[PDB]
Every structure is written in C-alpha cells, then in structure tokens.
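One structure below.
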Amino acid sequence: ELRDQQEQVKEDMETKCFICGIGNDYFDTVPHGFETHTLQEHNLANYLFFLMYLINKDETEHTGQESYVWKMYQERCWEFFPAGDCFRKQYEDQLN
Amino acid sequence: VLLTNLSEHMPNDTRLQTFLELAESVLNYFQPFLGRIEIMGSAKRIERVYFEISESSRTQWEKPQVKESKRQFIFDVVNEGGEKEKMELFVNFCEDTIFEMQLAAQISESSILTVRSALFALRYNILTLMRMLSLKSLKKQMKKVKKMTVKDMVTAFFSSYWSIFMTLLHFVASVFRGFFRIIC
Amino acid sequence: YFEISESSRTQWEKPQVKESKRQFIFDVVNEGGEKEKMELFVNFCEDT
Amino acid sequence: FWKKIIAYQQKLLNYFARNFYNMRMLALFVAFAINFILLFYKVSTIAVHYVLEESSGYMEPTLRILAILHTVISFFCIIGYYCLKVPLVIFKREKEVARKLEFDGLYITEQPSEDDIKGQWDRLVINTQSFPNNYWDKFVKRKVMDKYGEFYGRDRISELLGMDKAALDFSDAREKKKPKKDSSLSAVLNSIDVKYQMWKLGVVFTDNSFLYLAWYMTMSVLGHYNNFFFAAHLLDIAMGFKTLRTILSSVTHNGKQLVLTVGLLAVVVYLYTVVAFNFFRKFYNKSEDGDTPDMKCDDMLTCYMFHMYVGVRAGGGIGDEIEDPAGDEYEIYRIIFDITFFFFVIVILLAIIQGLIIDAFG
Amino acid sequence: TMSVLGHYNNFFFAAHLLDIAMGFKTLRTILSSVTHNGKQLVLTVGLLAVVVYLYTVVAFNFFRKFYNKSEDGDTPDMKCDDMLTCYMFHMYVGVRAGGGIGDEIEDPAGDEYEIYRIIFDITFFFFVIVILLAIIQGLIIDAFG
Ligand SMILES: Nc1ncnc2c1ncn2[C@@H]1O[C@H](COP(=O)(O)OP(=O)(O)OP(=O)(O)O)[C@@H](O)[C@H]1O
Ligand SMILES: O=c1[nH]c(=O)c2nc[nH]c2[nH]1
Ligand SMILES: [Ca+2]
Ligand SMILES: [Zn+2]
C-alpha cells in the first residue's frame with residue numbers, strides 16, 4: 001500500500017495539474033497541452049517566484065493585480081488561485 | 001512583457017506577428033526571466049500576470065536542498081490533503097522555501113572508460129578482420145575455381161561467415177578483458 | 001480511395017512482417033505518447 | 001563467370017533468408033534430441049570415463065551426427081539472420097542518424113554527449129562514401145550542406161561529411177560517367193568502403209539478437225569439445241515461448257528494488273553475525289563427535305557464511321541448526337535473537353523478494 | 001464403470017465419493033481452477049523441470065561426493081552416480097524439502113568447493129523453492145479467485 005500510494009502520487013502528478021486541478025487530457029487535446037499548461041500557464045514554481053517578487057517589490061509600485069494578490073494574501077484569502085479553470089477554458093470560444 | 005501580453009490577448013491579428021517575428025531575439029533572451037501565472041481577477045476572470053524572475057533566485061531554486069524540500073512537500077500534500085487545506089499548505093511551503101533560498105544565498109557566498117574500451121575493441125578487432133581480408137586472395141580463389149565448383153565455391157563464404165563469428169568472439173573476450181582491466 | 005497491389009498484400013501477409021507488426025503494436029500501446037504515437041506509427045510504416 | 005558466381009551466391013543467400021525460421025525450429029529440435037540422448041549417461045570406474053551407456057548400442061554415432069548437424073544448422077541460422085534481419089536494423093540506424101544529422105545536426109552543430117556509444121560509433125559513418133545504402137534518401141548530405149553550409153562553413157561541413165567539391169555543379173549539369181565491369185576487381189575493392197562495412201559490422205555486433213545467435217554458436221562449438229555444453233541450448237525454448245520470456249523478464253523488471261532488497265537481507269544477516277560472533281559463540285559447535293569441535297563461528301567470515309547459507313534456507317531460522325539454549329544465562333537473549341531472526345529474515349524480506357518477482361510477472 | 005468394478009473390488013466405490021465435488025458449485029470452481037490456467041501451469045512446471053535438470057547436470061559433473069545417502073558408511077548409497085537417479089532425487093526429495101536440496105545433501109564444511117556449493121544450493125532455494133513454486137501456487141489460487 002505504501003508503494004502504491006507513492007505510485008498514485010506520481011500518477012496524479014502526471015495526470016492532473018497541481019493548482020487548477022483540471023485533468024491532463026483537457027490540455028492534451030492539443031499537442032503538448034499538459035506540458036505547456038504545467039510549465040508556463042500554471043507552473044508551480046511560478047507562483048513562488050511571484051510571491052517573492054511581491055515581497056521584494058515596494059507596495060507603492062504594486063500594480064492592480066499585484067495589490068489585489070498582496071491584499072488577499074495578508075487576509076489569508078486563497079480565492080485568487082484558479083479553481084477548475086484556466087485562461088484557455090475562460091476564453092476557449094474566443095481563442096478557438 | 002508588453003509584446004507577450006499583446007500576443008496572448010490577441011492571438012489572431014496578423015499585424016502583431018510582424019513585430020513578433022521581428023523580435024524573436026529579445027523575447028528569446030527574456031524568456032527565462034519572464035514569469036507567467038493565472039489568477040482569479042477582481043472581475044471574476046482568468047488574468048495572466050507577468051513579472052521578473054531573477055537568475056540568482058532561479059539558481060537558489062535549483063539548489064539541491066530546495067529540490068528535496070519540494071519533493072517532500074509535493075508527496076505530503078498529494079498523499080494527505082484537503083481542497084481548502086491544499087492551497088494553505090502550498091503557501092506555507094512557499095514561505096518556508098523563500099526563507100530556505102534566502103539562507104542558501106547566504107551560506108553559498110561568492111562509464112566513460114567502459115565506453116572507450118568497448119570502442120577500442122570494436123575499432124581494432126574489426127580492423128583485424130579487415131587486415132586478414134586485405135590479403136586479397138580473390139584472384140587466387142578464381143584460379144582455384146577455373147570452372148564452376150559448388151563446394152569450393154560455398155566453402156569460401158562459409159569460412160568468411162565463420163571468421164565473422166570468431167571475430168565477434170574475439171570482441172566479446174576483448175570487452176571482458178577491458179572490463180576486468182577497469183575494475184582491477 | 002487508392003489501389004492496393006496483390007503482390008504488396010502478400011508481402012504484408014508474409015510472416016516476418018506480421019511479427020514486426022505484432023512487436024510494434026505491443027510497444028506503442030504499452031509505452032506511447034499522443035504526439036509520439038503517430039510518429040512511431042509512421043516510422044514503423046517506413047520500416048515495414 | 002563472375003555473373004554466374006554472384007547469381008549463385010545471391011540465390012543461396014536468399015535460400016537461407018527464406019528458411020531462417022524453419023532452421024531456427026529444427027535447431028531446437030536437435031537440441032532436445034541431444035539432451036534426450038545424454039539423459040542415459042554413465043560414469044565408469046583413478047579411471048573416470050564419462051561413458052555413454054546404450055541398451056541398443058547405436059546411440060553414440062547418433063549423438064555425434066546430431067551434434068554435427070546442430071552445429072551446421074546453427075551456422076546456417078546465423079547466415080539466415082544476417083541475410084534477413086540485418087538489413088532492417090541497418091536501415092533503422094541509418095535513418096535515425098540521417099534524421100538526427102538533418103533536423104538537429106547532432107554531428108555538425110551539437111556533438112553527442114560522448115556517453116552514447118551508438119552516437120560515437122555513428123560518428124564514423126557520417127563521412128562514408130556509400131551512405132544511405134539502405135536508406136532511400138541518397139541526398140541527405142546534399143540537403144545538410146544546403147541547410148548548414150553558410151553559417152557553419154561550406155568547406156568545413158563538406159569535409160566533415162567527407163564529400164568532394166568537384167561533383168557538385170556538374171552533378172546537376174552535364175559531365176562524364178563511369179560504367180562498371182564485373183570481372184574488374186580493383187574497382188570492386190576500391191568501392192568496398194572499408195569505413196562503411198567497418199561501421200556496419202560495428203552495428204551488427206552491437207545488435208542484441210546477433211549476440212544471442214553468436215552465443216548459441218559458441219555453446220555449440222564448445223559442445224563439440226564437451227558434450228554437456230549442449231544443455232545450455234535447452235534454454236532456447238524459454239526464449240521462444242512468450243510466457244517463458246515473461247517469466248524470465250519478471251526478474252530483470254524490478255532489478256533495482258530486487259538488488260537493494262537482497263542487499264538489505266545481507267546487511268541484516270551481517271548484523272546478526274556480528275551479534276553472534278560477539279556473544280553467542282558457544283552455541284555454534286557443529287560437530288557430531290565432541291572430541292573435535294567444528295566451532296564454525298570462530299571466524300567472522302565463516303560465521304557470516306553460515307548465516308548466509310544454512311541460516312536463510314532453513315524454514316525456521318538459524319535456531320534450527322544452532323544448538324538448544326536451555327540451562328544458560330543467555331537463554332532469554334538467544335530466544336529474542338533467533339525469534340527476531342525468524343521474523344525479520346524468514347517471514348520478512350524473503351516474502352518481500354518473492355512478492356517483488358511474482359508481482360513483476362503478474 | 002466404477003460401480004461395476006466396485007463389485008469386483010469393494011475399494012472402487014471410493015471414486016464415487018468425488019461426485020460430491022461435481023455436485024457442489026464451489027467444489028467445481030476449485031476443480032476447474034486447475035484446468036483454467038492449463039497452458040501457463042504446464043509451461044511453469046516444465047520450466048521447473050528444466051531448472052532442476054540443469055542443477056542435476058551441475059551436481060553430476062562436480063558435486064557428487066556430497067550425495068552419499070547411507071547411514072552406515074560400509075555400503076554407500078551414492079545416489080548421484082547415475083544421472084537418471086540424481087535427477088529423480090532432485091525432482092523428488094529436493095523440491096519437496098522446504099529448504100532446498102542442501103537439507104538432504106551432506107554439509108560441505110572443510111571442502112575446496114565449499115563456496116561453490118553454497119552458491120549452488122542458495123540459488124536452488126531461491127529459484128526453485130521461493131520461485132516457480134509460489135508461481136505455480138499463485139497461478140492456481142488466482143485462477144480460483
Ligand atoms: N502545477 C504544476 N506545476 C508543475 N508541474 C506540474 C504541475 N501539475 C502537474 N505537473 C507535472 O509534474 C511534473 C513536473 O513537476 P514534478 O516536480 O512533479 O516533476 P519533475 O519533472 O521531477 O520536476 P523537477 O523540475 O523538480 O525535476 C510534470 O510531469 C508536470 O506535467
Ligand atoms: O520518398 C520516399 N519517402 C519515404 O518515406 C520512403 N520510404 C521508402 N522509400 C521512400 N521514399
Ligand atoms: Ca502606486
Ligand atoms: Zn493548472
């Protein structure tokens with residue numbers, strides 16, 4: 001069971017995105033869809049880099065989005081994270 | 001960043017292509033540094049946000065202890081995790097990793113032999129086959145077979161293939177000898 | 001719609017081609033990517 | 001003359017290529033017959049002859065003929081493989097290298113990793129004159145020249161590909177041509193590209209199936225020297241059958257985990273050996289007569305060998321072979337020692353190795 | 001036929017006792033669990049015979065002094081002198097031992113083939129007892145399941 005749990009963790013990693021949680025197949029409809037989504041669109045380390053960038057940046061120079069994320073971060077509101085949605089899904093009819 | 005944002009938000013307008021294929025090089029240089037995310041906007045839509053990722057920070061991320069911590073946290077949240085608690089554990093790990101990378105910058109102040117032996121055996125054992133076929137006895141063999149002889153005729157290539165196999169054996173022995181040389 | 005020659009069909013039905021087809025079919029199904037599937041198929045087509 | 005010899009050679013090569021599988025089958029049949037004959041084998045009385053006993057009498061000539069026939073058909077099977085499957089492997093390799101050279105320039109722009117032995121071996125074929133011999137596109141060098149000439153050096157890439165500058169313009173244009181005569185042998189010897197067949201035999205040797213067939217060769221030729229080497233040919237049925245190959249590959253499947261598990265089994269047994277060697281040594285006398293004690297835990301290597309062998313394959317642990325501890329002040333300590341041995345070594349890590357292998361098969 | 005032979009010999013009536021295994025559903029399931037994986041089972045026991053035959057060949061070639069099986073030394077049983085007998089002793093007694101052939105074969109201490117015999121028998125225990133026997137058992141029980 002321990003080995004199978006490790007395999008299931010790896011399997012879920014390879015079949016669903018960490019943040020949005022959308023299945024890999026939905027992106028993989030186009031070639032390299034899941035790779036693109038998990039490397040550029042919804043990269044895990046990108047949120048860490050963005051949080052660090054917000055911490056280093058002065059609050060006076062914050063943009064609207066940056067100030068929004070900063071405010072709800074110090075309010076401990078994680079709704080800014082996508083939940084079962086992405087840019088492709090949001091503008092799918094407009095994009096393609 | 002402005003060009004990438006325009007390209008993504010307008011993916012069909014052909015006139016912006018001219019600028020894009022005129023400016024591969026700037027975009028290619030800034031590609032590692034540019035950071036891309038998606039968030040729940042104030043208008044309840046997905047918004048792509050672009051920021052600057054410093055190369056020093058990326059190296060701190062690529063340092064081994066941060067990698068190990070990331071692996072451990074990824075295993076933990078996936079094995080046990082709540083939908084509400086997932087996004088909280090992720091941000092706690094983010095703060096811990098930020099502290100870890102800050103500490104890493106402070107602390108860090110500013111087979112082939114086996115391959116080569118096999119290649120040498122492959123070179124100068126088939127070179128041995130070439131040397132012993134370089135005698136060029138085909139004219140003498142045609143003197144021998146002045147009229148057709150099926151037996152004399154087949155024995156030639158039979159010996160040739162037998163010698164090819166014996167050269168394979170010599171190669172296997174040479175690889176064993178080279179491996180023994182490498183180990184001791 | 002195209003023309004398939006009977007000689008080519010017999011070459012397809014020859015045993016070694018059948019064995020190669022079985023091996024390739026097992027390989028791509030056991031390990032295969034959606035993009036890499038259609039590439040491995042055409043590589044196998046050229047080899048066949 | 002030469003026309004006739006080439007025609008007969010090619011006809012017989014096609015014969016072997018066609019009959020590769022039937023001979024592959026009859027070779028296994030002869031391997032079975034030889035083992036069945038060997039099954040009725042004696043030793044005779046220091047005079048030790050390995051004598052073949054026969055109620056009939058004529059088995060020994062039959063075995064000799066069967067061995068000779070097995071070796072002949074085995075050589076013919078190698079010839080059949082070389083004339084049947086080798087061109088396909090050469091075509092695959094020569095297409096892979098051509099596409100890597102053209103699309104990526106793996107031998108022009110970015111050199112191989114130096115750890116890809118196939119890459120370093122294909123470094124030799126990129127300058128061979130007789131390139132795509134098996135591949136259909138005999139202009140890959142002409143295309144890579146146009147693709148990477150102006151940036152990476154016209155002449156430098158030309159001499160990297162081993163291509164002459166003279167033929168380029170008058171290949172499209174009008175020029176002289178050179179016919180060939182079969183009897184003329186200097187031209188044939190020059191056209192035989194020492195580097196090309198150099199590389200080709202390298203590829204064939206690196207091929208696994210040819211190695212298997214040459215091992216089969218070797219086992220047969222050693223079977224002539226000693227009749228018992230024909231028993232290794234008996235495993236070829238395990239290579240022929242699908243589920244037998246599944247069983248054989250079930251071991252290599254979990255290779256890393258299996259090796260690490262047997263290593264842990266060795267480590268735990270070594271700790272037990274250390275404990276026994278330090279404290280529990282009086283109990284390890286293994287002599288039926290008390291006059292000459294065997295005393296097999298006096299040396300650590302011997303005691304570890306006795307915990308590796310006999311200890312692990314006991315079914316109840318080391319305490320079965322080790323003498324009873326009743327009446328001793330280390331009675332409880334030895335009980336704990338051996339009970340933990342039975343649980344950790346016999347019940348556990350052995351069922352684990354077995355489970356790894358059987359689960360890999362499943 | 002079994003009944004009419006039971007008249008001649010009263011003990012032929014014991015074969016009629018298996019008819020309950022034909023009547024009951026789960027008993028038929030157990031009986032058919034053997035025929036279910038028939039091909040794989042036959043090939044596995046064939047491989048078990050082959051591996052044991054290789055072990056017999058090795059023992060017959062080298063490890064023969066260790067195969068004396070006589071309580072009194074005056075008349076050695078010497079049961080690996082003939083290959084058929086030694087293969088029969090590796091088929092029977094060897095496989096159904098619980099620890100391998102080394103249980104019945106005498107101890108190798110004090111011999112220059114000591115390490116070689118250790119490897120021989122340990123490999124026998126792993127490949128023949130731990131493996132292919134659990135495999136046959138697993139095939140049958142998994143077919144039943
Ligand atoms: N939000 C996500 N961010 C990054 N990778 C993700 C995400 N969701 C799923 N993945 C998948 O996880 C893998 C990359 O992350 P992960 O750390 O699990 O693997 P990796 O390739 O070993 O990573 P690393 O870059 O640390 O070596 C890819 O297979 C990717 O498709
Ligand atoms: O033009 C060609 N394209 C191919 O793919 C091919 N394969 C064999 N022969 C071929 N010729
Ligand atoms: Ca401001
Ligand atoms: Zn996502």
Exercise for the section: Using only Cα atoms, locate the centre of the range B:19-89 and the centre of the range A:31-96, then give the distance between them in Å, rounded to an integer. Expected result: 8 Å
Practice task
For the protein assembly as shown, build the charge dipole from Cβ charges (+1 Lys, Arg; -1 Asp, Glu) around the Cα centre, then report which of D:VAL221, D:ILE332, E:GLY23 sits farthest towards its positive end.
Solution key: D:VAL221
Completion exercise
In the neighbourhood of B:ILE112 defined by beta carbon distances under 12 Å, the net charge of the other residues (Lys, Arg +1; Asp, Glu -1) is -2
Problem - Cα convex hull volume per residue for chain A (Å³) - result: 135 Å³
Completion exercise
One checks the Cα atoms of the range D:24-142 and finds Rg and Dmax, in Å, of 25.4, 75
Completion exercise
If one compares the long axis through the Cα atoms of helix A:44-56 with the longest principal axis of the Cα atoms of chain A, the angle in degrees, nearest 10, works out at 10 degrees
Practice task
Taking every Cα atom in the protein assembly as shown, find the radius of gyration and the maximum pairwise distance Dmax, and write them in Å.
Solution key: 36.1, 110
Problem - Percentage of interatomic Cα-Cα distances in the range B:1-117 larger than 18 Å - result: 70 percent
Fill in the blank from the handout: Applied in sequence order to the range E:41-51, the curve 6.51 cos²θ - 1.76 cosθ + 1.60 (Karplus, θ = phi - 60°) yields integer Hz couplings, x standing for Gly and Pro, of 4, 4, 5, 5, 5, x, 5, 4, 4, 5, 5
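Please pull out the direction-averaged projected area of the range D:281-335, using the convex hull of its alpha-carbon atoms, in nm² to one decimal place. Working shown, then result.
On the way: hull surface 16.9 nm².
Dividing the Cα hull surface by four gives the mean projection, 4.2 nm².
Compute the orientation-averaged projected area for the range E:9-78 from the convex hull of its Cα atoms and round it to one decimal in nm².
9.6 nm²
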Fill in the blank from the handout: quick shape note, the range D:198-296: Cα extents on principal axes in Å, largest first -> 65, 36, 34
Practice task
Evaluate the distance, in nm, between pseudo-label points positioned 7 Å from the Cα of D:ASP298 and of D:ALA47 along their respective Cα→Cβ axes.
Solution key: 4.2 nm
Problem - Placed amide H near D:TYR41: partners under 5 Å, 5+ positions off or other chain - result: E:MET83, E:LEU84
Exercise for the section: Jot down the per residue volume, in cubic angstrom and as a whole number, of the convex hull over the alpha-carbon atoms of the range B:56-98. Expected result: 58 Å³
Completion exercise
Reduced to Cα centres, the span from the range E:31-93 to the range D:58-134 in Å works out to 41 Å
Practice task
Quote the Stokes-Einstein diffusion coefficient, in whole µm² s⁻¹, for chain D, based on the Kirkwood radius over alpha carbon pairs, a temperature of 20 °C and a viscosity of 1.002 mPa s.
Solution key: 77 µm²/s
Handout entry: Zone residues, the range B:79-115, relative to A:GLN6, backbone N less than 17 Å from point 7 Å out along Cα-to-Cβ
Key = B:79-80
Exercise for the section: Could you give the size of the charge dipole of the protein assembly as shown about its Cα centre, using +1 on the Cβ of each K and R and -1 on the Cβ of each D and E, expressed in debye and rounded to the nearest 20? Expected result: 6580 debye
Fill in the blank from the handout: Cα extents of the range D:148-226 per principal axis, largest first, Å, are 65, 41, 16
Handout entry: Rh by Kirkwood over Cα pairs, then Stokes-Einstein D for the range B:60-184 at 1.567 mPa s and 4 °C, µm²/s
Key = 61 µm²/s
Exercise for the section: Filter the GluC sites (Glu not before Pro) in chain A to those in DSSP coil with at most 11 other Cβ atoms within 10 Å of their Cβ, and list the result. Expected result: A:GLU1, A:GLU75
Exercise for the section: Select from B:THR128, B:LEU169, A:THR63 the residue farthest towards the positive end of the dipole of the protein assembly as shown; place +1 on Cβ of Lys and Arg, -1 on Cβ of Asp and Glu, and compute about the Cα centre. Expected result: B:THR128
Problem - Tail beyond 16 Å, pair distance distribution of the range B:115-180 (Cα, percent) - result: 56 percent
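From the C-alpha coordinates alone, can you work out the Kirkwood hydrodynamic radius of the range D:241-324, in Å?
Details: mean 1/r = 0.0672 Å⁻¹.
Evaluated on the range D:241-324, it is 14.9 Å.
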Fill in the blank from the handout: Taking a crude spin-label model, label points 7 Å out from Cα along the C-beta direction, the D:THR109 to B:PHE158 distance in nm is 5.4 nm
Completion exercise
If the chain between D:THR246 and D:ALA266 were fully extended at 0.36 nm per residue, the gain over the current Cα-Cα distance would be 4.4 nm
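Just counting partner chain Cβ atoms within 10 Å, what average do the residues of peptide B:162-170 show around their Cβ?
Details: counts 5, 0, 8, 11, 4, 3, 11, 5, 0.
The per-residue average across the peptide is 5.
For the pair D:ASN133 and D:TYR21, what calculated FRET efficiency results from E = 1/(1 + (r/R0)^6), where r is the Cβ-Cβ distance and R0 = 30 Å, to the nearest 0.05? Don't skip to the end; give the middle numbers.
Numbers: r = 26 Å, r/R0 = 0.87.
The computed FRET efficiency comes out at 0.70.
How shielded is D:185-192 by partner chains, expressed as the average number of their Cβ atoms within 10 Å of its Cβ atoms? Intermediate values should be presented prior to the final figure.
Numbers: counts 4, 1, 0, 1, 3, 0, 0, 2.
That average works out to 1.
As an exercise, find the ratio Rg/Rh for the range D:104-254 from alpha-carbon atoms, using the Kirkwood inverse-distance average for Rh. Write out the running numbers ahead of the final one.
Details: Rg = 22.9 Å, Rh = 20.1 Å.
Rounded to two decimals, Rg over Rh is 1.14.
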Handout entry: Residue (of D:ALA314, D:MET300, D:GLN9) at the positive-pole extreme of chain D, dipole from beta-carbon charges
Key = D:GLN9
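Per residue, how much space in cubic angstrom lies within the convex hull of the C-alpha atoms of chain C? Each step should come with its number before you reach the end.
Details: hull volume 4.1 nm³, N = 48.
Value for chain C: 86 Å³ per residue.
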Handout entry: Test item: D:262-272 mean partner chain Cβ contacts at 10 Å
Key = 0
Problem - Dimensions (Å) - the range D:206-362, Cα atoms, principal axes, largest first - result: 65, 39, 24
Problem - Label-point gap, in nm, between E:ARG64 and D:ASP328 - each point 7 angstrom along Cα→Cβ - result: 4.1 nm
Handout entry: Geometric extent, Cα atoms of the range D:55-109 - Rg, Dmax (angstrom)
Key = 22.6, 74
Fill in the blank from the handout: Low-density loop chymotrypsin sites (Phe, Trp or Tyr not before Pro), the range D:240-336, at most 16 other Cβ within 10 Å, DSSP non-H/G/I/E/B, are D:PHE241, D:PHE279, D:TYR330
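Just so you know, all these numbers are worked out from the coordinates, no wet-lab data involved. Cβ sites come from the backbone with ideal geometry, for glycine too, and all protein chains shown count toward neighbours.
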